[PDB]
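The structure appears right after this line, and notes come after that.
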Amino acid sequence: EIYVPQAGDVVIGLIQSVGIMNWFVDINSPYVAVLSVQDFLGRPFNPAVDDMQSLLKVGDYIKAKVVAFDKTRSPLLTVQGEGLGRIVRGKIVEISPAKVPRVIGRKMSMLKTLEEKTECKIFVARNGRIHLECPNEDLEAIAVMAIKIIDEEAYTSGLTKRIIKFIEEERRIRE
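The UniProt record's numbering applies: residue 60 is where the sequence shown begins, and numbers increase by one.
Below, the structure is given as structure tokens:
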């Protein structure tokens with residue numbers, strides 16, 4: 060069981076391949092989403108003086124919203140938005156689209172936690188991708204295994220506090 064797009068789902072996308080007017084993005088869904096130079100520029104595409112499939116190369120991750128599905132079921136992304144767009148530095152972590160909620164916590168509780176304990180900036184993408192951002196390599200590694208562990212956790216009895224102690228003992232040796 061995996062992720063299925065829904066007009067509104069902000070997602071972390073991986074530019075698979077580039078075309079002429081569009082970029083095809085890996086959305087961690089059965090169907091490949093599309094993002095056009097039209098939507099990206101808020102201006103009709105102009106192959107002559109304009110065109111530059113160098114605004115997004117292959118390998119780029121992009122924070123984008125799903126707006127609808129074209130007459131073939133392919134989801135149509137948009138870069139126009141809050142903080143939507145290409146992602147610079149940081150880490151992208153893939154998780155089971157299923158374990159996404161138990162990483163945010165009741166009222167983003169479980170989430171605020173990690174951001175607070177590791178000081179890392181975190182955005183949990185409803186599609187199973189996560190962008191970790193913080194000024195520290197060792198510190199982020201922790202925050203990764205932090206998400207890694209929560210995901211793999213088969214016995215979730217008391218995990219929030221049980222995880223906070225993990226991070227603490229982690230940074231206690233990582234420095």
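Backbone N, C-alpha and C fix where the C-beta goes; we use that ideal spot for every residue, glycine too.
Rounded separation between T137 and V96 - CA only: Taking the first residue of the sequence shown as position 1, residue 137 is located at position 78. Taking the first residue of the sequence shown as position 1, residue 96 is located at position 37. Those two C-alpha atoms are separated by around 10 Å.
Euclidean distance between Cα positions of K124 and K150: Locating residue 124 in the sequence shown gives position 65, counting from the first residue. Locating residue 150 in the sequence shown gives position 91, counting from the first residue. Spanning the two alpha carbons is a distance of roughly 19 Å.
Residue nearest to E178 in terms of C-alpha spacing, selected from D98, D109, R230: Here residue 178 is taken as the residue at index 119 of the sequence shown, counted from 1. Here the closest residue by C-alpha is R230.
Through-space distance from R233 to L135, alpha-carbon basis: Within the sequence shown, numbered from 1, the residue matching residue 135 stands at position 76. Within the sequence shown, numbered from 1, the residue matching residue 233 stands at position 174. Computed Cα separation, rounded: 43 Å.
Collapsed DSSP secondary structure at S168 in the structure displayed: The sequence position of residue 168 within the sequence shown is 109, counting from 1. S168 falls in the helix class under three-state DSSP.
Beta-carbon proximity of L191 to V183, cut-off 8 Å: Within the sequence shown, residue 191 is the residue found at index 132, counting from 1. Within the sequence shown, residue 183 is the residue found at index 124, counting from 1. Cβ atoms of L191 and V183: not closer than 8 Å.
For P134, the three-state DSSP class (helix, strand or coil): As a first step, residue 134 is located in the sequence shown; it is residue number 75 there, counting from the start. In this structure, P134 counts as strand in the three-state DSSP scheme.
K207 to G142 span [Cα, whole Å]: Here residue 207 refers to the residue found at position 148 of the sequence shown. Here residue 142 refers to the residue found at position 83 of the sequence shown. Their backbone Cα atoms lie some 25 Å apart in a straight line.
Continuous beta strand (DSSP E) assignments of at least 3 residues falling wholly in the UniProt domain "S1 motif" (67 to 139): 70 to 77, 81 to 85, 92 to 95, 120 to 128, 134 to 137
Under the three-state DSSP convention, the category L173 falls into: If you number the sequence shown from 1, residue 173 lands on position 114. In this structure, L173 counts as helix in the three-state DSSP scheme.
Secondary structure of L191, DSSP reduced to three states: Your numbering for residue 191 matches position 132 in the sequence shown. Strand.
Limits of the unbroken beta strand (DSSP E) element including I206: Counted from its first residue, the sequence shown places residue 206 at position 147. Counting along the chain, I206 falls outside any beta strand (DSSP E), though it belongs to the alpha helix (DSSP H) covering 196 to 211.
Check whether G118 and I74 have beta carbons under 8 Å apart: The residue given as residue 118 occupies position 59 in the sequence shown. The residue given as residue 74 occupies position 15 in the sequence shown. In contact: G118 and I74 (Cβ atoms closer than 8 Å).
Alpha carbon of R148 to alpha carbon of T215, nearest angstrom: What you label residue 148 is simply residue 89 of the sequence shown in a count that begins at 1. What you label residue 215 is simply residue 156 of the sequence shown in a count that begins at 1. Near 32 Å, if we compare the C-alpha coordinates of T215 and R148.
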